[PDB]
Structure formats: structure tokens, C-alpha cells
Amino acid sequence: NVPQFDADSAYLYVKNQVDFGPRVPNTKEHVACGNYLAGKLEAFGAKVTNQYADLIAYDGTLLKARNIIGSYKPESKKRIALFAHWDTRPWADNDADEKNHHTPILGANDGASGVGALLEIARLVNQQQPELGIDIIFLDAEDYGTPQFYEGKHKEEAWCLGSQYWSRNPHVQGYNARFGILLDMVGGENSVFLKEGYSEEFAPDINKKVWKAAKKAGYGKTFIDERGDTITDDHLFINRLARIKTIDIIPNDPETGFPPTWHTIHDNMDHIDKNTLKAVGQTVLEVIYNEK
């Protein structure tokens, strides 16, 4: 019996994060939201480990980062890692309107959606424990990468600073997981998810498992069994540095690639659909509960 993901509950966790305002590293709203997330994990029975680190951004800015890890059955050596980034981008640098290019986004889909879905998973995992140990890992400073308008070097390593840190410095010595699943932008209206490129390179068997689970759960029209783009995201560094086979569940829009709200001021609750959260969340539950 796999638990039923509650879309209303997940939607509320997304909204609560967005209600702090932008979660830009080094702002009081970021601090407050981090406290909220750590608090929710504790309330859902997780052992919480905080990883505070001074991460240096593309331009030399020190970011007071905090990765947040909630662990279930922590003494188990057979584990599944679930990841989402919780920071939000400080510049709406893909906005159609050039006047918005320096305005922080709300990151309802890009940030809050992955975290919200994993909080709902954590609530259920607490209630009805799967066989494997589950880690819920909220990664900071994913989205402080080089602005589009920057003229100069655009290095891949500017992104995903928190996952790079976690991947080099696991929260517990000897950490291992059977596989990982990263959720990024999993609440957008009308979103479809295709097999992402690095996911196919490092963990094609995990992609196969997830997409098959989605079909069996009735979400085959949301998880389309075709390949999409190759995307620099937290899973790239987790695969390369931590060597945990990790896939990215991330939308592919045929027109725009990313969702049309991506890195615009329109990434807010108006474009979140709880049915998208449900498709992704139920699929993740179906996978983790069927591991033995």
C-alpha cells in the first residue's frame, strides 16, 4: 500500500515558502524560510542536520548558505536521497521586460515546488515508513549562477554551490544511497517531464524506474517516455562528486525549454497547479515504497 500524496497539503508548503518573499541568500527572508523548513522536517519526525557553509559566488560574494537534511531511519545503510533546491534567484534575468532584470523572483516553481513536494513526502514517510532509509535534502545556493546579462566567463561551477558543497562534504561520514532523485520546477501548470540528458548518462536505469512508476500510477501523460534537454543542475554535481546515481525531474516545454515563467517575475503562485505536484509526488512515492 503506497501512501496517497496530498496535493492540497503540498500546495500549502509551496505557498508558505513564497509567503516569506524571495529566499535570496544573505537576506532575512532566506534565514526565516530556512528555519521554517528545518522546523517542518523536525515536526515530520526527521533527524535534521544543518550544513552551514560560506560559499563563494561567481563574483566573489560570500553566501551564508545552509543545506538542510532530514533523515529517516538514520542508522540504515540502504538509503534513497531526495533533493530540491530552496534558494531563489536574485535576478529575473529571463524576463520579457528588461526593467525586471535585477528584481528577485518569488521562485514558486523554481525553488518552492520541489521543497513543497518533498515536505509532503516527508509527512507521509514519517507516518508509514518505507523499507529503505530516506534522506530529504534541501540544497541552498543553487540559483545564484552567472546572470545572463554578465559579460565575462560563464562557468558551469557557478551554479549549484550547495550541492557541490554537500557532494564534497556529506552530512555524515561514509554517506551512501542506492540512488537519488532531484525535483526541480515540479509545480507548473501543464508541465510535462522528459528524460533529462545527464540523468540518461549517469543513471538511465533510475530514469527507467521512475518513468515506469509514473505510467503505472496513471501519470504517463505527464512523464513522457522521451529524451529532453541536458540541464546543468544539482544532480550533475551529485553524480560527478558524490557518485550517487541521481536523476533530475525537470520540465521540458517544446516552445521555451524551461517553463515560460522561468527566471521571470511571473514565477509565483498564479502558475502553480497542485495537480502537477500530485503527478510528481505520487510518482516519487511509488518509486521509494517499491524499493526492497
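For every residue, the number given is its place in the sequence shown, counted from 1.
When the C-alpha B-factors of 246-254 and 63-71 are averaged, 246-254 comes out higher.
Taking only CA atoms, the mean B-factor in the PDB entry is higher for 255-263 than for the other of 255-263 and 24-32.
Taking only the listed residues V172, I134, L139, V210, the entry reports the highest CA temperature factor at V172. If you compare the C-alpha temperature factors of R79, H85, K195, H102 in the entry, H102 comes out highest. Ranked by C-alpha B-factor against the other modelled residues of its chain, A96 falls in the highest third. Among all modelled residues in its chain, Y52 ranks in the middle third by Cα B-factor.
Sorting the modelled residues of the chain by their CA temperature factor places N275 in the highest third. In the PDB entry, a CA B factor belonging to the highest third of its chain's modelled residues is recorded for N176. For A203, the recorded CA temperature factor ranks within the middle third of the chain's modelled residues.
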